[PDB]
Structures are given as structure tokens and as C-alpha cells.
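Undergrad: Following this: a sequence and the matching experimental structure.
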Amino acid sequence: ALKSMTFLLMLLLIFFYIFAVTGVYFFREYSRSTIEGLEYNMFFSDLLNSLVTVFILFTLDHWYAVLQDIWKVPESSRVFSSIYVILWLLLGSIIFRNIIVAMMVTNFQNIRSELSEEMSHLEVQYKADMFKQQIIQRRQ
Amino acid sequence: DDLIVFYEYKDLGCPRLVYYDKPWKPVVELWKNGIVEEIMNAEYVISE
């Protein structure tokens, strides 16, 4: 399986890279604001913090609460930012989870396929062996 | 030209932090014998 992980892994990490670096300077006014009462401020502060928080969005834990904690930013009619992060989390999570489970069950499929063709070839060889045993017996 | 500025920490303190292209107005408070009593709401000006 991990040998078969060739291109999908770098596709996953490069989508992570592009989406994280896009979302760095999207909720910039979340961490860079003068609001005293906030507790998810550090999530969107640094580039490494951006990687960690978009990984959190990828894992999809408390995305509701993350969105309400970013709602303390002045709502600019949600025209670009909230739809961007929601689309990113949903698309990335479902597309990558689905693609990995699909390719893993495909790996199981061809494992069983090569196993079954091996037993079929063994059965064909056994039939040929038994037929040649009849041929040899009649040849004596 | 080659104008310079000498920051005085004791008189001023740590300056506030603001960013580029942000509509900002300062908030100031009235102090009577060293206790916060009421925020300012008057007409006021700032200058350099």
C-alpha cells in the first residue's frame, strides 16, 4: 500500500500547502485585531499556526466552534472569507478521505485478483498434470 | 530632510499598534482622582 502511495500523497500535501498559504492572509484581521476577549487568536497568527489550524479544519473537529470564534471579527457580509474556509474544509476532507479509501479498496481488489488468478493457474496446471498422467499411463 | 525623533519611554510608554489602511479613531477616558469614571464622547482633535 505505502509503495502504491506515489502521487496522491504529494497531491494531498500540495493542496494543503496552497490552501494553507492562501488562508494565511484571509482571516488576517482575526489575529491582527485589538479585541481583548478572544481565545482562538493564535490559531491564525503564524504560518506554522496556519498549517496547524488548516490541519485542524482537515480533521474536522469543532469547525462549528472555530467558525463562531472567528465570527467575533466584524462580519463583512461573509462574501469571500467564510465561504472560502468552509469550501476548503469540506472539499479537502471529503475529497482526500474518499480518494484514499477508494484507492485502498482498489489495492485490496487487485490483491484478491492476483491471488485468484494464481489459484486459477494452479488449478489449470493441476488439470494438465492429471491429463498428462492419463497420457503417460496409456503410453505404458 | 534628515529629521530624527527621540522616543521617551518614561514619558510615553509602550506605543499603541495600528496597521495600514484601517479606519481607526482613538478611545480616551476621563480620570477624576485616578479612577476611571466615564469614556470621552466630545469633539476633539489630534495633531502632530
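TA: Looks like it arrived, so ask away. Residues are numbered from 1 along each chain as shown, chains lettered A, B, ... in the order given.
Undergrad: Who are the packing partners of the top helix by length along chain A?
TA: Looking across chain A with DSSP state H, the single longest helix is helix A:81-139. Helix A:81-139 makes packing contacts with helix A:8-24, helix A:47-59, helix A:63-70 when contacts are defined by 3 or more CB pairs under 8 Å, 6 or more residues apart in numbering or on different chains; DSSP states H and E. From N, CA and C alone the C-beta is placed, and that goes for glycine too.
Undergrad: how far away is the closest residue to residue A:41 other than its chain neighbours from residue A:15?
TA: Spatial nearest neighbour of residue A:41, chain neighbours left out: residue A:31 (5.1 Å); criterion: CB to CB, 6 or more residues apart in numbering or on different chains. As judged by CB to CB, to the nearest Å, residue A:31 and residue A:15 stand 23 Å apart.
Undergrad: re the thing from before, from the helices and strands packed on helix A:81-139, which stretch is densest packed?
TA: Ranked by mean neighbour count under mean count of other CB atoms under 10 Å in any protein chain shown, these are led by helix A:47-59, which reaches a mean of 16.
Undergrad: can you list contacts of that helix?
TA: Contacts of helix A:47-59 with the rest of the structure, by CB atoms under 8 Å, 6 or more residues apart in numbering or on different chains, involve A:16, A:19-21, A:23-24, A:42-44, A:63, A:66, A:85, A:88-89, A:92-93, A:96.
Undergrad: wait, what's in contact with residue B:17?
TA: Going by CB under 8 Å, 6+ apart, residue B:17 touches residue A:34.
Undergrad: burial count for residue B:37?
TA: 9 (other CB atoms under 10 Å in any protein chain shown).
Undergrad: that's a strand at it, yeah?
TA: Yes - under DSSP: H, G, I helix; E, B strand; the rest coil, residue B:37 falls within a strand.
Undergrad: what about stretch B:24-42, distance to the chain center?
TA: Centroid displacement of stretch B:24-42 relative to its chain, using CA atoms, centre = their mean, to the nearest Å, is 11 Å.
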